[PDB]
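Below is one structure, written out as structure tokens; the observations come after it.
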Amino acid sequence: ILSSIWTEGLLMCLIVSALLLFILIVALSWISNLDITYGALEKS
Amino acid sequence: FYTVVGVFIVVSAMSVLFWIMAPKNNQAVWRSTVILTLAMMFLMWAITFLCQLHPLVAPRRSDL
Amino acid sequence: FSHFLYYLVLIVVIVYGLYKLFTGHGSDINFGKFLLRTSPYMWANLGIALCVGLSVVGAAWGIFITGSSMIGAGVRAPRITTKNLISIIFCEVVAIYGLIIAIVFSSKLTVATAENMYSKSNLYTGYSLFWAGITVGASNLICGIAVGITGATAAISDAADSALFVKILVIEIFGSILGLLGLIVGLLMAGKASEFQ
Amino acid sequence: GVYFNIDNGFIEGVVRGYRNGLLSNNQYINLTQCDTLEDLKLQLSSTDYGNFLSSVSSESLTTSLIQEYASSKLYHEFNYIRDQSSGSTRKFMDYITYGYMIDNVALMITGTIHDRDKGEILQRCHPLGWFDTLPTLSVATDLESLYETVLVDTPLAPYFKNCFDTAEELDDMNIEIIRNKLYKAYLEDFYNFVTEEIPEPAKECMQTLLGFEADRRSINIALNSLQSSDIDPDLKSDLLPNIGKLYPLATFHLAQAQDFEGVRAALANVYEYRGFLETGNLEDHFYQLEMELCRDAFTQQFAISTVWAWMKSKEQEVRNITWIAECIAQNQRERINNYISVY
Amino acid sequence: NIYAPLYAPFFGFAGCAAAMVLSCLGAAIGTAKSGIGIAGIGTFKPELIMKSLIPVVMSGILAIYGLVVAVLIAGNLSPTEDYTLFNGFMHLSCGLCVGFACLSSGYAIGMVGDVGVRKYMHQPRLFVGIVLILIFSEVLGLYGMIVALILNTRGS
Amino acid sequence: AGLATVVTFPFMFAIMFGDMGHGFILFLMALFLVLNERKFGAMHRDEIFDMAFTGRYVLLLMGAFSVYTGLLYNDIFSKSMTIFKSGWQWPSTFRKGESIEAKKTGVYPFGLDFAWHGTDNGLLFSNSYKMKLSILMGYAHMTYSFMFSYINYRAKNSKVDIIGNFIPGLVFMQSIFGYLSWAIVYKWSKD
Amino acid sequence: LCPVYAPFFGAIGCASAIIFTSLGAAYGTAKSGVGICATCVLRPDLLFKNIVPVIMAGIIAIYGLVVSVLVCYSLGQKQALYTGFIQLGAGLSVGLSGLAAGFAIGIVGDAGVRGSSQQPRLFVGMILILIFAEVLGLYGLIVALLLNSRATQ
Amino acid sequence: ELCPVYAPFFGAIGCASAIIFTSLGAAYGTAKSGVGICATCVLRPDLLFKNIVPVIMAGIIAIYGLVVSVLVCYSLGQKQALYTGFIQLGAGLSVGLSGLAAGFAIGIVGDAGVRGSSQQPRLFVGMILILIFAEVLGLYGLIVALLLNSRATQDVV
Amino acid sequence: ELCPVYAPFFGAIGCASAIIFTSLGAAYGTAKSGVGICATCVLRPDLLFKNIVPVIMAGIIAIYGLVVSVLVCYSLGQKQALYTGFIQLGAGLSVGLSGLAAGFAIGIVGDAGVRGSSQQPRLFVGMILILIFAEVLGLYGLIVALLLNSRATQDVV
Amino acid sequence: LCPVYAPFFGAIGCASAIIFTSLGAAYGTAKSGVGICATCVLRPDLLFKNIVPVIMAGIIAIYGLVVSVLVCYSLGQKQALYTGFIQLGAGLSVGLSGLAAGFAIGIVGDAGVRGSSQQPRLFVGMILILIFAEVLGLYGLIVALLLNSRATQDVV
Amino acid sequence: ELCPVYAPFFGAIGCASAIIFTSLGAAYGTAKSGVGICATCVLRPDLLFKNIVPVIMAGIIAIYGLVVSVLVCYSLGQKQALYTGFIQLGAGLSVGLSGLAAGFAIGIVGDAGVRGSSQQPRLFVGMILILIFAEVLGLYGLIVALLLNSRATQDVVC
Amino acid sequence: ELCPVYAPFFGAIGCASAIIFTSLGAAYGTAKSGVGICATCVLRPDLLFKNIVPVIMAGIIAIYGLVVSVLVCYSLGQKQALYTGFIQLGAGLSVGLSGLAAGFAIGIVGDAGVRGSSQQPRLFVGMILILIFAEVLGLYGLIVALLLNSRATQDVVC
Amino acid sequence: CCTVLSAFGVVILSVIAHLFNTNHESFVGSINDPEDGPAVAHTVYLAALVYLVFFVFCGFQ
């Protein structure tokens with residue numbers, strides 16, 4: 001057996017849910033860096 | 001397969017008979033639209049007929 | 001804060017490895033048994049999905065790099081906006097590479113019998129599809145970004161002078177060698193891999 | 001160059017398009033062959049200036065109206081590029097206009113000491129250096145009641161850190177000191193902004209373009225202090241910026257430079273500014289070196305320093321067109337080819 | 001067989017992927033960063049562009065360096081033959097010592113051959129020195145490919 | 001190139017847009033603009049409707065071919081048409097809920113067969129058919145548009161361009177992907 | 001063969017197929033809607049022809065919705081790891097592809113609707129660029145709908 | 001084995017995250033597009049009651065989270081299957097991390113739109129049209145979570 | 001097995017979390033919008049007790065966190081079920097990490113609303129209405145956690 | 001049921017009750033002291049009137065001290081794991097909420113004493129906002145006291 | 001027990017590291033100094049071949065890595081001691097992460113040296129001497145790894 | 001048990017570290033002070049062989065690392081005590097991560113000293129005085145590592 | 001636009017009700033399909049009449 005706590009199925013759920021959470025953190029850091037061009041909305 | 005060649009004969013003879021009997025007003029779009037559309041209709045018919053002439057996969061379903 | 005987590009995970013890995021090694025149980029951190037006992041369908045499906053994912057995230061990357069500068073450079077010189085679309089096309093072909101490799105890989109994806117499930121061949125064709133999906137998705141990613149950069153420079157040098165686009169299209173050719181080489185290597189890697197049996 | 005075109009894709013390609021409208025050497029020779037300001041207008045109409053003097057019609061056309069409208073379309077192009085900017089780019093565009101805000105402050109508070117009217121000392125102000133409380137600098141005379149009333153809400157407020165108001169209100173001698181000291185603190189802050197948040201290809205070629213501004217301002221302060229200033233070097237060293245290529249060894253010798261040779265022997269030890277003070281027009285040497293530093297900032301592609309390198313080159317283009325139109329209107333043609341063209 | 005376990009092709013296909021991905025990453029950095037400098041001088045003296053395509057070609061050779069070792073690792077991988085863990089570790093190392101070799105060589109070619117091409121529009125005598133520094137920065141990947149070939153022939 | 005486009009662009013559209021229900025809707029909303037082209041011609045058209053009315057004859061053909069190809073498929077709002085006699089018969093006596101196969105009686109006369117509709121492996125057969133359909137129609141389109149290059153070089157009277165570009169192009173294209181398109185038909189021909 | 005943790009991968013694939021696709025569609029809607037709002041304050045008659053990037057970003061989210069619905073009709077308590085990881089792959093494919101295609105449509109769309117107000121010849125240019133970025137979601141949808149067909153066989 | 005003890009953990013995380021991340025999305029949509037209302041209704045306060053539509057369409061995302069949180073909460077149990085916990089985790093994330101995206105888009109479009117609608121009054125209809133495409137993202141996440149939650153306890157053992 | 005020893009850990013950390021993240025969100029809503037009050041009531045000191053609304057609506061979030069941290073606490077106990085601990089952790093997170101978002105959206109709206117409502121008196125009702133839409137997020141987290149905590153000890157063996 | 005590693009959670013709950021409240025009180029004292037020492041250079045008469053944010057910061061540390069003493073006098077070697085978990089929760093409840101209360105008191109106190117010298121009427125508004133900022137730590141005190149009242153209630 | 005099956009992993013990554021980090025340092029030393037060469041030989045064309053000595057000086061680092069990696073490669077075995085893998089890992093790190101240091105030093109010294117040597121002709125000898133002091137670090141790493149690699153397979157057993 | 005199989009790992013990464021972390025501090029002391037020599041001797045090239053003392057004192061600590069790496073190398077064996085591996089790791093870290101500090105200090109002091117010794121020539125004797133204190137920090141680590149390495153195989157058994 | 005949707009609601013639902021009435025195997029022939037044909041035809045034909053009411057009412061607009 002691989003382990004009793006860190007079994008064959010838990011340890012490859014925590015790789016899938018680490019890859020997906022990595023893609024999520026990257027995509028949320030893309031959307032967090034999204035700013036509005038305010039000079040093209042004002043009168044000045 | 002010979003019922004694909006037998007349809008190719010009556011499509012090709014029809015296209016040759018339309019190449020010489022096209023109207024003189026718009027020849028290069030009468031004998032270009034009609035002769036090419038018969039070719040593409042025959043091509044999709046021959047492709048959809050030959051995929052079922054000798055099939056390798058049988059239709060399989062559970063709910064009937 | 002991310003450097004704090006990078007240091008914390010490193011400290012926890014070192015403390016866990018030295019605790020497991022000092023107590024005579026250091027072979028319990030067993031990466032080989034981890035590779036032997038995880039399912040080969042994980043590696044196969046993960047390789048297919050990351051192939052078609054990372055080809056597209058490089059294709060779409062290059063598309064905005066040489067699209068936004070094409071539209072910016074086309075404001076004064078709008079006679080580039082159709083001729084220079086081959087720079088979109090060269091960074092778009094790296095997605096059809098990953099697509100036609102992902103479908104060829106998914107053809108090797110059948111149901112293996114449970115009595116021979118963690119066999120030699122079934123585990124081989126999980127490893128091969130995993131790394132041959134990675135080496136195609138990452139290569140098409142990097143190729144799409146490189147062709148996008150060398151097309152963004154070409155879209156502005158085209159609007160500068162018309163005779164420069166022919167000279168800087170060659171750099172896009174040498175940049176688009178890379179996705180085709182990844183296309184070759186990912187087919188050679190999963191060339192001897194059989195289906196799941 | 002991998003994360004540039006997210007927010008700066010459209011911005012660069014239009015500025016790169018604005019670069020192609022820079023007049024080449026042949027387009028300057030075709031302007032020096034003109035005989036009339038109307039012929040110069042019609043020669044500029046074939047360039048990317050086309051029909052910018054269309055509402056003039058050959059009668060009210062002077063050599064200052066050309067400098068007005070040719071720079072006005074520069075300013076409107078800068079505002080169009082700034083309106084499409086966001087994030088660090090928009091902040092970089094604001095930091096460019098801060099140096100014009102300083103010049104408009106120092107031009108607005110000299111029009112009140114001389115009691116010149118407020119409506120005519122503001123048409124001479126710079127349009128890019130506009131802040132909303134710029135006409136209200138005509139309310140007080142001393143520095144403290146112009147800071148604490150007007151210049152706190154301005155973005156020029158962190159730059160009043162060393163301007164010591166000794167309750168002497170204002171002559172013309174200390175407004176230049178306040179101007180040089182605001183520009184000193186501004187060059188410090190904008191160099192730290194470029195070093196901090198601007199990415200790496202647009203960092204090294206912008207630190208040089210900004211250290212050149214600091215070196216030129218250091219040489220001009222240390223050389224204009226001979227004729228119309230009698231100041232101590234410990235008070236003169238607060239006017240020289242410390243970001244440039246010239247600071248740590250040569251601005252010390254420019255601080256205790258009591259004579260012209262104290263400047264010349266100080267600038268003989270620096271390698272790229274030696275020979276400027278020997279022969280020729282010094283202002284032409286600085287403008288030529290400015291254009292040679294702006295030329296090789298377009299050669300790096302994915303850089304926001306192309307905006308600085310564009311607007312300084314376009315300002316030099318407006319200066320060259322103004323010099324040519326001044327030559328062909330006053331009928332002096334001995335130095336018509338004194339323009340500066342690296343494009 | 002205790003010397004040839006069934007997880008050994010993991011480290012061989014990892015050698016394939018590290019030999020291809022990092023070498024084409026180095027080749028792409030070397031062609032993109034240098035194409036920036038080649039296109040930057042596109043207006044100022046356009047006649048020096050077709051002579052300056054050498055740091056693009058020498059960057060593209062770095063992908064051939066990874067291609068050769070990726071083919072030679074993938075040719076030693078079959079599901080029917082026995083495949084030792086020694087062989088898998090050796091293929092991991094020979095892909096890993098050519099991938100970062102070509103990555104570093106591509107970073108060096110990209111940083112040299114755009115500054116050189118970008119300063120070459122001023123001084124036309126730079127070209128011999130530029131080609132010389134590109135040769136010294138391109139043998140960096142040849143060293144890694146030599147190590148990878150010797151290591152492939154040793155491990156099989 | 002806009003004289004071979006007049007059939008091939010609606011037909012390559014219809015291969016992707018194959019349905020007699022959506023195709024008849026598109027043909028009907030095109031024929032509404034064709035029959036009313038006199039009231040719409042003397043009218044101010046905004047850009048989207050100017051695009052839609054400038055091409056009121058591209059959409060009539062795009063509907064008319066979509067009806068033909070969605071009669072080749074059995075796809076009428078994603079349903080089948082039991083028009084002809086099937087080539088597959090199902091067994092009469094079978095237990096409820098079990099997986100059964102059909103025995104081949106003949107071949108379906110016009111179009112794809114309707115016994116592939118509620119079928120587990122019907123999508124595999126449609127994948128094979130539509131992939132080989134796309135390969136053969138792309139081959140036909142490319143080898144038709146490649147002859148126009150020969151007609152161009154013949155009208156320019158340049159045998160150097162013929163022997164340098166057309167013939168080494170022809171016996172490179174036909175020797176690989178002409179062979180692939182022949183091999184698909186020959187695999188369909190054998191049992 | 002069919003463990004107790006096997007519908008984790010299918011449920012998280014059904015999750016990610018709409019999560020990553022909606023993140024990409026939200027970036028493509030927001031960033032290209034900033035360009036619409038910035039463009040149409042000085043030239044407001046281009047408002048309903050500049051609306052194409054947010055429509056294409058919506059088509060991306062529809063492509064992700066299709067895969068999420070078609071994965072959640074094949075989930076069961078006692079499915080194999082084969083079905084679970086093939087639903088995971090069908091989720092990851094359309095997730096990364098819709099995310100990439102939405103980022104590309106967002107970054108191309110605002111630049112396109114800004115260049116379209118200065119030069120009218122750039123409308124066809126931005127449409128022809130955005131069509132290449134649209135079908136990348138189709139390129140992940142193909143792998144997702146092919147891995148869906150191999151779910152229970 | 002089919003119904004373990006740690007099985008309500010994923011169900012409780014799915015009940016929590018559905019309201020947590022939609023409250024984050026609705027909070028960003030209220031926040032970013034309410035700064036624009038408070039900035040552009042100091043000059044033209046007559047259109048204060050029509051700029052409120054980004055805030056309302058942001059607050060619909062929190063109701064999308066609330067519905068799925070209640071429907072996951074009334075299916076939790078001590079002896080539920082691990083399948084039920086996995087489906088409730090998936091339905092919680094499918095509403096939460098999609099309504100977070102919808103709320104980001106509503107906040108960005110609303111702040112960019114209520115600032116441009118005071119200079120050009122014709123941009124309001126375009127703002128509403130873009131915000132509908134931004135709100136159907138959270139609606140699609142709601143559809144996915146309802147189709148999961150109907151599948152949650154159907155043929156469980 | 002069904003009620004293990006580590007079972008009150010999740011309940012105690014949920015009882016902690018429901019006041020920790022709630023007080024953090026309410027502290028952002030108090031500080032960020034108190035900056036605006038201390039900046040605009042120098043010019044307009046007559047508007048102190050009128051602009052105090054976002055600080056009070058930030059405090060109502062902390063009251064929502066307090067009333068769940070005092071209901072999880074009396075449902076705690078040694079040898080309680082692991083299901084009860086998971087439900088209490090979920091009800092802790094649903095109040096805390098959504099009142100965090102509601103406090104962000106109250107603070108960064110209320111500061112701009114206090115900056116704006118000293119210039120325009122008609123903007124104050126719009127400020128209150130946007131703050132109601134920002135405070136109903138924490139109310140939704142309260143509703144989810146109360147409906148969740150009602151099922152913590154409901155027929156649990 | 002009462003293991004050996006059980007007072008670890010109680011010791012961490014006794015530490016974290018005073019650690020994070022002292023961090024919050026230290027942020028509040030630092031921000032408010034920078035405010036006072038920059039606003040009382042020109043207005044020294046209202047120096048002792050502005051020390052109220054610093055007092056409001058110190059009451060947060062007193063709140064942490066009380067909970068840490070009450071958790072300290074309930075520790076033991078042979079205590080339950082439930083008692084350790086409740087003491088950890090009661091430490092974190094007062095600590096990470098007094099940290100937030102200290103952040104709010106520091107920001108509000110700095111912004112209020114920098115503007116209360118200009119407007120004398122802003123003092124009764126600053127006191128009113130700091131009451132709402134100090135009730136944020138009083139809530140964590142109440143949660144910590146109600147937890148610690150049940151740490152040893154029905155414990156075997 | 002004493003020569004395990006995973007034992008050539010450490011020798012393999014030691015053979016890899018002596019190319020990886022050494023080529024990374026040599027690439028830094030060639031790139032950052034070639035920037036200075038191409039930036040100063042614009043107006044000083046005759047000094048173009050005197051300035052290559054930083055780039056050659058950085059290439060000798062990669063030659064140092066090449067030699068040690070080949071000499072480790074010709075001692076990898078299938079039935080290899082774990083002591084031998086540990087020694088080869090140490091000898092690979094000792095060349096790699098010291099040649100990286102020497103490459104950093106040559107890359108930072110050499111561009112300043114070719115920028116100052118175009119302005120002062122007597123600074124060239126000082127540049128060469130500082131580059132010798134910078135290259136001797138990678139020489140020390142090679143000395144440590146050649147003395148270390150010679151002890152792998154001396155008294156190995158089992 | 002008392003001399004396990006993994007015991008030479010710590011000795012190998014103590015032999016490796018004593019030159020890695022030493023040479024990447026010596027490289028900082030060479031590079032950061034060499035950019036201060038090459039930028040100063042463009043105007044005072046007569047001080048070129050006098051300002052190079054920071055580079056020499058940065059090269060001395062690499063020899064301090066080399067001596068300890070050789071003495072740890074020649075005490076490695078296949079069957080050595082785990083105490084010996086711990087002591088050799090401690091000696092390697094004590095040289096490396098303190099010679100790194102000494103190199104940082106020499107690098108920061110040396111360019112500040114050579115840029116100031118050309119304005120005032122009486123600052124050279126102050127630069128040497130500060131630089132001896134900056135350089136003895138590696139000698140202290142060498143003393144600690146030699147006193148460790150003398151204790152490595154003294155009373156080891158098994 | 002309700003008259004177009006109502007005309008399609010007449011035509012499509014009338015064809016669907018006729019295909020349920022005649023027990024066509026593309027609608028009844030599966031196990032998951034409804035068992036009684038005319039029971040579904042009776043409630044689809046009434047919907048066809050409802051859309052015919054909408055078509056007649058919106059046809060006089």
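Chain labels follow the order of the structure tokens: the first chain is A, the next B, and so on; residue numbering restarts at 1 in every chain, and ligands are counted from 1 in their shown order.
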
Would you give me, as a compact mmCIF listing (two decimals) with N, CA and C atoms, in the first residue's frame, the residues of chain I that come within 8 Å of chain H, using only C-alpha atoms?
```
# COMPACT_ATOMS: atom_id res chain seq x y z
N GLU I 1 -16.32 6.52 16.25
CA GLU I 1 -16.16 6.63 14.80
C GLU I 1 -17.03 7.72 14.21
N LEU I 2 -18.33 7.63 14.49
CA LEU I 2 -19.29 8.58 13.95
C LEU I 2 -19.24 9.92 14.68
N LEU I 82 -19.07 14.46 14.09
CA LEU I 82 -18.21 15.14 13.13
C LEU I 82 -19.05 15.90 12.11
N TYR I 83 -20.27 15.40 11.85
CA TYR I 83 -21.24 16.14 11.05
C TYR I 83 -21.58 17.49 11.67
N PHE I 86 -18.64 19.81 11.10
CA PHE I 86 -18.59 20.27 9.72
C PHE I 86 -19.66 21.31 9.42
N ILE I 87 -20.86 21.12 9.97
CA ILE I 87 -21.94 22.10 9.79
C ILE I 87 -21.61 23.41 10.48
N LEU I 89 -18.53 24.51 11.10
CA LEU I 89 -17.47 25.13 10.31
C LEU I 89 -18.04 25.82 9.07
N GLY I 90 -18.99 25.18 8.39
CA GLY I 90 -19.65 25.81 7.26
C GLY I 90 -20.46 27.04 7.60
N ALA I 91 -21.16 27.02 8.74
CA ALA I 91 -21.91 28.17 9.21
C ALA I 91 -21.01 29.26 9.77
N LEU I 93 -17.93 29.85 8.32
CA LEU I 93 -17.40 30.42 7.09
C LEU I 93 -18.44 31.21 6.30
N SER I 94 -19.71 30.78 6.30
CA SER I 94 -20.75 31.46 5.54
C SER I 94 -21.04 32.86 6.07
N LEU I 97 -16.79 34.83 5.95
CA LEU I 97 -16.11 35.14 4.71
C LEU I 97 -17.04 35.78 3.69
N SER I 98 -18.33 35.92 4.01
CA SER I 98 -19.24 36.77 3.25
C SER I 98 -19.49 38.12 3.90
N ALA I 101 -16.68 40.22 2.62
CA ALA I 101 -17.01 40.86 1.35
C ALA I 101 -17.99 42.01 1.52
N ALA I 102 -19.01 41.82 2.36
CA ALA I 102 -19.98 42.88 2.61
C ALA I 102 -19.35 44.08 3.31
N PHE I 104 -16.07 44.94 2.94
CA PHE I 104 -15.33 45.58 1.86
C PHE I 104 -16.24 46.49 1.03
N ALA I 105 -17.39 45.96 0.61
CA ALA I 105 -18.34 46.70 -0.22
C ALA I 105 -19.06 47.80 0.53
N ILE I 106 -19.09 47.78 1.86
CA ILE I 106 -19.65 48.89 2.61
C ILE I 106 -18.61 49.98 2.78
N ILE I 108 -15.71 50.65 0.93
CA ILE I 108 -15.21 51.31 -0.27
C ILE I 108 -16.35 51.92 -1.10
N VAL I 109 -17.61 51.68 -0.72
CA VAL I 109 -18.71 52.50 -1.22
C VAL I 109 -18.95 53.71 -0.33
N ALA I 112 -16.63 56.84 -0.65
CA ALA I 112 -16.96 57.65 -1.82
C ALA I 112 -18.32 58.33 -1.66
N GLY I 113 -19.26 57.69 -0.98
CA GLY I 113 -20.55 58.31 -0.74
C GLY I 113 -20.50 59.45 0.24
N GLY I 116 -18.95 62.26 -1.69
CA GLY I 116 -19.87 62.83 -2.65
C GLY I 116 -21.07 63.54 -2.07
N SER I 117 -21.56 63.08 -0.92
CA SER I 117 -22.77 63.64 -0.32
C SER I 117 -22.51 64.91 0.49
N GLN I 119 -20.92 67.35 -1.28
CA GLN I 119 -21.07 68.23 -2.43
C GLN I 119 -22.51 68.28 -2.93
N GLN I 120 -23.13 67.11 -3.08
CA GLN I 120 -24.49 66.98 -3.58
C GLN I 120 -25.37 66.39 -2.49
N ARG I 122 -28.43 65.37 -2.72
CA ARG I 122 -29.31 64.35 -3.27
C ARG I 122 -28.63 62.99 -3.44
N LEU I 123 -27.33 62.91 -3.21
CA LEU I 123 -26.57 61.68 -3.33
C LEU I 123 -26.62 60.83 -2.06
N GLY I 126 -29.01 57.83 -2.40
CA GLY I 126 -28.35 56.84 -3.23
C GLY I 126 -27.24 56.11 -2.49
N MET I 127 -26.51 56.83 -1.62
CA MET I 127 -25.51 56.19 -0.78
C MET I 127 -26.14 55.16 0.15
N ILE I 130 -27.27 52.05 -1.97
CA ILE I 130 -26.15 51.18 -2.35
C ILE I 130 -25.59 50.46 -1.12
N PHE I 133 -27.83 47.54 -0.42
CA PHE I 133 -27.43 46.44 -1.30
C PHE I 133 -26.09 45.82 -0.94
N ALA I 134 -25.21 46.55 -0.27
CA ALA I 134 -23.94 45.98 0.16
C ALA I 134 -24.04 45.25 1.50
N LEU I 137 -25.68 41.48 1.56
CA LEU I 137 -24.77 40.36 1.32
C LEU I 137 -24.43 39.65 2.63
N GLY I 138 -24.05 40.43 3.65
CA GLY I 138 -23.86 39.88 4.98
C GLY I 138 -25.13 39.35 5.59
N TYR I 140 -27.44 37.86 3.77
CA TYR I 140 -27.59 36.57 3.11
C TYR I 140 -26.68 35.51 3.71
N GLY I 141 -25.44 35.89 4.04
CA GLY I 141 -24.57 34.98 4.78
C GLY I 141 -25.12 34.60 6.13
N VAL I 144 -27.94 32.00 5.44
CA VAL I 144 -27.38 30.69 5.10
C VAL I 144 -26.82 30.00 6.34
N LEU I 147 -29.87 28.90 8.68
CA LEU I 147 -30.49 27.69 8.14
C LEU I 147 -29.56 26.49 8.23
N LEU I 148 -28.25 26.72 8.23
CA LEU I 148 -27.30 25.63 8.35
C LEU I 148 -27.17 25.18 9.80
N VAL I 156 -29.38 13.95 14.84
CA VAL I 156 -28.00 13.52 14.67
C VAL I 156 -27.67 12.52 15.76
```

Original post:
Contacts of residue 11 (chain L) at 6 Å or less, counting only C-alpha atoms, minus same-chain residues fewer than 2 places along, as a ChimeraX atom specification?
Top reply: /L:8-9,13-14,85,88-89

Write out, as a compact mmCIF listing (two decimals), in the first residue's frame, the residues just selected, with C-alpha atoms.
```txt
# COMPACT_ATOMS: atom_id res chain seq x y z
CA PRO L 8 27.52 10.33 3.32
CA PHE L 9 24.72 12.55 1.93
CA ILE L 13 26.36 18.42 0.71
CA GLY L 14 28.68 19.82 3.35
CA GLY L 85 28.05 13.58 8.19
CA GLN L 88 30.74 17.90 7.96
CA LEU L 89 27.39 19.50 7.05
```

**OP:** Compile the contact shell of region 27-32 of chain A as a PyMOL selection string: residues with an atom at most 9 Å away, counting only C-alpha atoms, same-chain residues fewer than 4 positions apart removed.
**Re:** (chain A and resi 22-23) or (chain G and resi 20+23-24+26-27+99+103) or (chain H and resi 101+104)

Subject >> Test item: residues at most 9 Å from region 4-16 of chain B, only C-alpha atoms, excluding those fewer than 4 positions along its chain, as JSON, numbers by chain >> reply: {"B": [20, 21, 31, 34, 35, 36, 38, 39, 42, 45, 46, 49, 50]}

**OP:** Apply DSSP to the backbone of this structure and, from region 71-296 of chain D, keep only the residues in helix (DSSP H, G or I); write these as a VMD selection string.
**Re:** chain D and resid 71 to 83 88 to 108 135 to 138 144 to 147 157 to 159 172 to 197 201 to 224 233 to 236 247 to 255 260 to 264 282 to 295

Subject >> residue 149 (chain E) environment, 12 Å, only C-alpha atoms, sequence neighbours closer than 6 positions dropped, as JSON, numbers by chain >> reply: {"E": [19, 65, 66, 68, 69, 70, 71, 72, 73, 90, 91, 93, 94, 95, 97, 98, 142, 143, 155, 156], "K": [70, 73]}

Show me a table, sorted first by chain and then by increasing residue number, of the residues of chain D having an atom at most 12 Å from chain K, each with its shortest atom pair and the distance in Å to one decimal, counting only C-alpha atoms and written as JSON lines.
```
{"residue": "D:269", "atom": "CA", "partner": "K:119", "partner_atom": "CA", "distance": 10.6}
{"residue": "D:270", "atom": "CA", "partner": "K:119", "partner_atom": "CA", "distance": 10.1}
{"residue": "D:271", "atom": "CA", "partner": "K:119", "partner_atom": "CA", "distance": 7.5}
{"residue": "D:272", "atom": "CA", "partner": "K:119", "partner_atom": "CA", "distance": 10.2}
{"residue": "D:296", "atom": "CA", "partner": "K:39", "partner_atom": "CA", "distance": 11.8}
```

Could those selected residues go to a file with N, CA, C and O atoms, as a compact mmCIF listing (two decimals), in the first residue's frame?
```
# COMPACT_ATOMS: atom_id res chain seq x y z
N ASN D 269 35.56 65.77 -17.31
CA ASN D 269 35.79 64.45 -16.74
C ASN D 269 34.69 63.47 -17.07
O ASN D 269 34.93 62.26 -17.06
N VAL D 270 33.49 63.95 -17.37
CA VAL D 270 32.41 63.10 -17.85
C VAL D 270 32.61 62.87 -19.34
O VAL D 270 33.09 63.74 -20.08
N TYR D 271 32.29 61.66 -19.80
CA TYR D 271 32.75 61.21 -21.11
C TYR D 271 31.85 61.63 -22.26
O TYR D 271 32.36 61.93 -23.35
N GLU D 272 30.53 61.67 -22.08
CA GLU D 272 29.64 61.97 -23.19
C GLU D 272 29.20 63.43 -23.23
O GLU D 272 28.52 63.82 -24.18
N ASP D 296 17.18 55.83 -30.49
CA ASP D 296 17.42 54.46 -30.07
C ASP D 296 16.55 54.03 -28.89
O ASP D 296 16.86 53.03 -28.23
```
